[PDB]
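S.K.: Before I ask anything, let me first share the structure, which is written out below as structure tokens.
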Amino acid sequence: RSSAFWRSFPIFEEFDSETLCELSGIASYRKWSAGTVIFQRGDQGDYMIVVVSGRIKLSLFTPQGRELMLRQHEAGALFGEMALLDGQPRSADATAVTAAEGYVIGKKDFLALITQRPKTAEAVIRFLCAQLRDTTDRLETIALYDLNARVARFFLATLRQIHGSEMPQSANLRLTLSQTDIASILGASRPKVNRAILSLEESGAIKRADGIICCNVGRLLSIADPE
Amino acid sequence: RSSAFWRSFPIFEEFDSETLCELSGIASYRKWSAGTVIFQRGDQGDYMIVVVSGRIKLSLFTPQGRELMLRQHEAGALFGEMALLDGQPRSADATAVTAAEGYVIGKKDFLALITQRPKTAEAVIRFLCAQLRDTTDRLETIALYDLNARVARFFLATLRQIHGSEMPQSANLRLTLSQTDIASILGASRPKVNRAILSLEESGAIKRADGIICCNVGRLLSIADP
DNA sequence: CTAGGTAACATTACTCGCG
DNA sequence: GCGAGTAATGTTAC
DNA sequence: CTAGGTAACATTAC
DNA sequence: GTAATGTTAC
Ligand SMILES: Nc1nc2c(ncn2[C@@H]2O[C@@H]3COP(=O)(O)O[C@H]3[C@H]2O)c(=O)[nH]1
Ligand SMILES: Nc1nc2c(ncn2[C@@H]2O[C@@H]3COP(=O)(O)O[C@H]3[C@H]2O)c(=O)[nH]1
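Here you go:
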């Protein structure tokens, strides 16, 4: 593992070959059995993680028992850099829900590498901005929209992840998220998220078959807004 | 204006004197009458804004009519850098609700300056992280808490907007936010935000006088949990 | 006063191992 | 070439 | 079933 | 005469 394989991961995408070949022989392997906490929120964060295999959910848990799924990263994903760069503790909880393998990079090595190549800093920044945006958008979703609009916006964002700058009239998508997963991402209840999804398929928005959802972009924009 | 005066603003706080004096003769003045839109969300963002005076609210509007107050920046605040660094459009709407004056810095000048001094990049990054955190925390507040807990957490965070450090048992703070302001920050309704605040003062949490609120950190942590 | 949350229950689909 | 734990998906009455 | 939301009105504040 | 809280009902 050393060359154009690292470009797949965020931030590394904008790397030059000089900074990207070498600087990846400072990543140690690490794997986690299904359902294991990689770390907690309070943990000191002196390292960063790339994901090669498995599904790792990053989430926030309140003492009462309620959970908020931040994200469900998978292959080609990168997390664990905020607590790194920024000298504070971890801001979320990382838990592997299946057998997950990935590479690990230390704090000093990474910060010394940012000091080594200035433009890599840019990369980081551009990535951070992006993250912020995705988060803030989600904020809006949960602040100013009902459940149906919430799931509609979720599906639109998930399709815009795959096709990020075109976008058809009908598009299928292979989900890999349970309805409890959705309800926890959007801060709602599983039964009522199920209701909302069935309501959307019965309003002519999305047709849902074994593992697949054909989304009708038209009615989904009509549902994610009013008229 | 070319002094330790720039330190006050975020990001500039971690600046060295060499990068911070000079720097700042590439900032043009601009002022906005009360209630004027500085820009919108869709606008191309090729510049950044520092705030010297007035109160500028950054917020998100949905087409239906519902609003979410992001932030209520004021003197010594800095915004307008995300659309800059990151080549996308603006991510929020900036509107001055009073006569506001502040300095403006162009896109190319700022990015060329980050290319000039590498550590300034680090400054930006740490600032960004911070922002992210503040946002995400707010996310949690509105996802997993009722109204009373929401306002309790808001008051706790705001009293860290001052003593970031320490934190007593009873502390006063001079708000400068209406109850509609609060309800719009936390995505709620003004009447019910009023109810929640009165409920907190009647539960022994906060005593509220003309412009001031004495907060009882103890009962406020008890209210922001359970 | 409507949109939701929480506690129960009834199907329906996977998923192992043993084999 | 089976059953035993789950786990996901809907539904209901508060 | 219940916070939180809508409209409409009431008691204070150069 | 204002902007602002508090209230009520539903
Ligand atoms: N607040 C927040 N943290 C995230 C998000 N996605 C992943 N994380 C991770 O939560 C992790 C907490 O500590 P880190 O600084 O090491 O790295 C962080 C982030 O990379 C997100 O969308 N919001
Ligand atoms: N998404 C988001 N934007 C913010 C926030 N605070 C201020 N803004 C500003 O909204 C503005 C939109 O475009 P910019 O990139 O020019 O700069 C941005 C941010 O600085 C915040 O907390 N979240």
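If you're matching them up, the sequences are chains A and B in order. Residue numbers for the first sequence follow PDB author numbering, so the first one is 6 and each next one is one higher. Residue numbers for the second sequence follow PDB author numbering, so the first one is 6 and each next one is one higher. Even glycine gets a Cβ: it sits at the ideal position worked out from N, Cα and C.
1. If we define contact as Cβ-Cβ less than 7 Å, is residue 134(B) a contact residue for chain A?
2. Whole angstroms is fine: what's the gap from residue 31(B)'s alpha carbon to residue 110(B)'s?
3. Relative to chain B, which residues along the segment 90-112 of chain A have a C-beta separation below 9 Å, given in chain order?
4. Which ranges would you report for the alpha helix (DSSP H) in the segment 71-128 of chain A if only whole runs of at least 4 residues count?
5. Take the Cβ of residue 101(A) as the centre, count every other Cβ of all protein chains shown within 10 Å, and call the residue buried at 16 or more, exposed below.
6. Can you find the residues in the same chain that come closer than 8 Å, C-beta to C-beta, to residue 209(A), ignoring five residues on each side of it along the sequence?
7. Leaving out five residues before and five after residue 128(B) in sequence, what residues of the same chain have Cβ atoms less than 6 Å from its Cβ?
8. Straight-line CA distance for residue 205(B) to residue 65(A)?
9. Would you say residue 148(A) lies against chain B (beta-carbon separation less than 7 Å)?
10. With DSSP as the reference, label residue 205(A) as helix, strand or coil.
11. For chain A, check one thing: does any of its Cβ atoms lie closer than 7 Å to the Cβ of residue 198(B)?
12. Which value, in whole angstroms, describes the spacing of the CA atoms of residue 207(B) and residue 108(A)?
13. Report whether the distance from the Cβ of residue 18(A) to the nearest heavy atom of ligand 2 is below 6 Å.
14. Can you tell me whether residue 63(B) sits near ligand 2, meaning its C-beta is under 6 Å from at least one heavy atom of the ligand?
15. Please confirm if the segment 139-150 of chain A is in contact with the segment 65-83 of chain B, defined as three or more CB-CB distances below 8 Å between the two stretches.
16. Consult DSSP for residue 22(A) and reduce its assignment to one of helix, strand or coil.
17. Report back the beta-carbon spacing between residue 78(A) and residue 63(A) to the nearest angstrom; my notes put them in contact at under 8 Å.
18. For residue 178(B), tell me which candidate among 191(B), 160(B), 186(B) and 194(B) has the shortest Cα-Cα distance.
19. Considering only the alpha carbon of each residue, which of 181(B), 195(B) and 230(B) lies closest to residue 216(B)?
20. Does chain B have any CB closer than 7 Å to the CB of residue 190(A)?
21. Which one of 7(A), 140(A) and 88(A) has the shortest CA to CA distance from residue 47(A)?
M.R.: Let me spell this out:
1. Indexing the second sequence from 1 puts residue 134(B) at position 129. Residue contact check for residue 134(B) against chain A: a CB pair falls below 7 Å.
2. Taking the first residue of the second sequence as position 1, residue 31(B) is located at position 26. Taking the first residue of the second sequence as position 1, residue 110(B) is located at position 105. Rounded to whole angstroms, residue 31(B) to residue 110(B) spans 6 Å at the Cα level.
3. Of all residues in the segment 90-112 of chain A, only 90, 91, 92, 93, 96 and 97 come within less than 9 Å of chain B when Cβ atoms are compared, listed by chain position.
4. Listed in chain order, they are 87-90 and 112-121.
5. For the purposes of this step, residue 101(A) is taken as residue 96 along the first sequence, with counting starting at 1. Residue 101(A) comes out buried.
6. To locate residue 209(A), count along the first sequence from 1; it is residue 204. Contacts found: 221 and 224.
7. Position 123 of the second sequence, counting from 1, holds the residue named residue 128(B). 16 and 19.
8. Along the second sequence, read from residue 1 onward, the residue named residue 205(B) stands at position 200. Along the first sequence, read from residue 1 onward, the residue named residue 65(A) stands at position 60. When rounded, the distance between both Cα atoms is 26 Å.
9. Taking the first residue of the first sequence as position 1, residue 148(A) is located at position 143. With 7 Å as the cut-off, residue 148(A) counts as an interface residue toward chain B.
10. On the first sequence, position 200 is the one that residue 205(A) refers to. Helix.
11. Here residue 198(B) refers to the residue found at position 193 of the second sequence. The beta carbon of residue 198(B) sits no closer than 7 Å to any beta carbon of chain A.
12. For the purposes of this step, residue 207(B) is identified with residue 202 of the second sequence, where counting begins at 1. For the purposes of this step, residue 108(A) is identified with residue 103 of the first sequence, where counting begins at 1. About 53 Å.
13. On the first sequence, residue 18(A) is found 13 positions in, with the first residue counted as 1. Incorrect: residue 18(A) has no Cβ contact closer than 6 Å to ligand 2.
14. Numbered from 1 along the second sequence, position 58 holds the residue referred to as residue 63(B). Yes, ligand 2 has a heavy atom inside 6 Å of this Cβ.
15. yes
16. What you label residue 22(A) is simply residue 17 of the first sequence in a count that begins at 1. Residue 22(A): helix per DSSP, three-state reduction.
17. Translated into positions along the first sequence, residue 78(A) becomes position 73. Translated into positions along the first sequence, residue 63(A) becomes position 58. About 7 Å separates the two Cβ atoms, so the contact holds.
18. Within the second sequence, residue 178(B) is the residue found at index 173, counting from 1. The shortest Cα separation from residue 178(B) among 191(B), 160(B), 186(B) and 194(B) belongs to 160(B).
19. Translated into the one-based positions of the second sequence, residue 216(B) becomes position 211. Nearest of 181(B), 195(B) and 230(B) to residue 216(B), Cα basis: 181(B).
20. For this step, residue 190(A) is matched to residue 185 along the first sequence. Answer no: the Cβ-Cβ gap between residue 190(A) and chain B never drops below 7 Å.
21. Walking along the first sequence from the start, residue 47(A) turns up at place 42. Nearest of 7(A), 140(A) and 88(A) to residue 47(A), Cα basis: 88(A).
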